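Next comes just one chain, in structure tokens: the form deposited in one PDB entry.
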């Protein structure tokens, strides 16, 4: 049989904004645990939680100070162990983020490492002499300025690809690799059965740290993904850890050229099981990271197609339209205006749950939650907005009003407003004051209202998940885009063991007539949204309502 993870439906929880149970305004482990019956009822097989480890939280929990302790704001280790027991009781699995390109500078390894040149933790990180009166080389940081930080205690510089407070761990040191492997087993032995390796392509560093060439400086992210031992280390990690568990592993791959994605995920290479890439979610983002660029459905489907193709015969992809760093799915890819929000949210659900790959639903997209109506730059928590203000408004490149208009559409805070449970105060997310304001549309868009209504976005997601579970072609089947050039209607087949299904989704808010491939005919309709009647058996065409979606078995 195919691995369990190829047919699983995953749900991403950003615990900080999911459910608060102690009134401090911050979502927590007990809140997630209390909502497992809700997620099980939706049909979820596995939940991916964002970083849940002890952290000073200078970088949203991706700066970890103790890999074997939990994030204090979310609760205690006993709360975590309860969560695991409650998932097991429900036959559900947990995936966690694994952030082992770097630790917090408050991690005890780094406090030990930095204290002297001669200690058993010195080589857990990268310490180098400077050169010509400054840094060891010209490496830039993803977060701006040099990737090298001098430490007066020893006079040497340490490497940080990301923030200054996120020193890179030294995978060239076998003792460090072994520490990391033992740490992973600590979580796997608690029952965790998924791990998502963040910034996985940067783990291997270039021997000798030579300067980047001028061409490389123009895309340093690509250069940092070309360490010569990268795949050797992932193969070692697979042998030492993952050969001994049924867990799924996923790589968060960026910076690298598309054609290297298969090196991480081809099953024959015994590295990782599946890929997270960002080609689709960033497909309409400008280079400045705050504007958008016009795109059509032809761009959307061609981007899906090239990533599906690169996984090919032996690799496997994840599929998502939303996560904790990006604007809301219905706002970004659908149409969130009142006439179209529900219709287009349902259409995007049909896409999500019929793509080839393992789908991840981001918390709240099953309700058709939308972007937040920011009115002032003061309404953003998003640290990135402050940086755009300095880089673009203070420099005179853009006005504060231009920034607000555009970052309202792209900001990660759109995905971080609290989950809208019901129409009580703060949508039932908290009895206190939420850490980030709830979208005022919660009075209309909330789980309580949607779970009781067979016509809701929630109910449609639930129904799709049930259909996907009972139809092997919709998870593990082949995929074929019928016309990558078509910018109105997304139509494609999924096929397995002689059974072929056709998915047809109108991306226009206008009626469209869709003609099937010549010789193809509808046999059965599995489900539709925004349609007043299924086609007749034998149909060779469809008349589509605005934003209609459907899944059909063909003859």
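Residue numbers count along the first chain shown, from 1.
Of the two segments examined, 515-523 and 30-38, it is 515-523 that shows the higher average Cα temperature factor in the deposited entry. For the pair 427-435 and 150-158, the record assigns the higher mean C-alpha temperature factor to 150-158.
The residue among 45, 66, 528, 59 whose C-alpha carries the highest B-factor in the deposited model is 59. Of the candidates 279, 97, 266, 401, the one whose C-alpha carries the top B factor in the deposited record is 401.
When the modelled residues of the chain are ordered by their C-alpha B factor, residue 195 lands in the lowest third. Per the deposited record, the Cα B-factor of residue 545 falls in the highest third when ranked against the other modelled residues of its chain. When the CA B factors of the chain's modelled residues are split into thirds, the value for residue 122 lands in the highest one. Ranked by C-alpha B-factor against the other modelled residues of its chain, residue 336 falls in the middle third.
Split the chain's modelled residues into thirds by C-alpha temperature factor. Residue 202 is in the middle one.
Just so it is clear, the following notes concern the form solved in complex with a small molecule, a form of the same protein that is not shown.
The three marked residues, 166, 278 and 325, each reach the small molecule in the deposited complex, with a heavy atom inside 4.5 Å.
Residue heavy atoms within 4.5 Å of the small molecule in the deposited complex occur in exactly one stretch of 115-123, 478-486, 193-201, 208-216, and that stretch is 193-201. When the small molecule is considered in the deposited complex, residue 162 lines it closely, a heavy atom lying within 4.5 Å. Among heavy atoms of residue 69, none comes within 4.5 Å of the small molecule in the deposited complex.
Residue contact with the small molecule in the deposited complex: residue 59 places a heavy atom within 4.5 Å of it. Not displayed here, the small molecule is kept clear of residue 346 by more than 4.5 Å at the level of heavy atoms in the deposited complex.
For the options 107, 332, 412, 301, the one in contact with the small molecule in the deposited complex, meaning a heavy atom within 4.5 Å, is 412. Contact annotation: of the candidates 392, 435, 245, 254, the single residue with a non-hydrogen atom within 4.5 angstroms of the small molecule in the deposited complex is 254.
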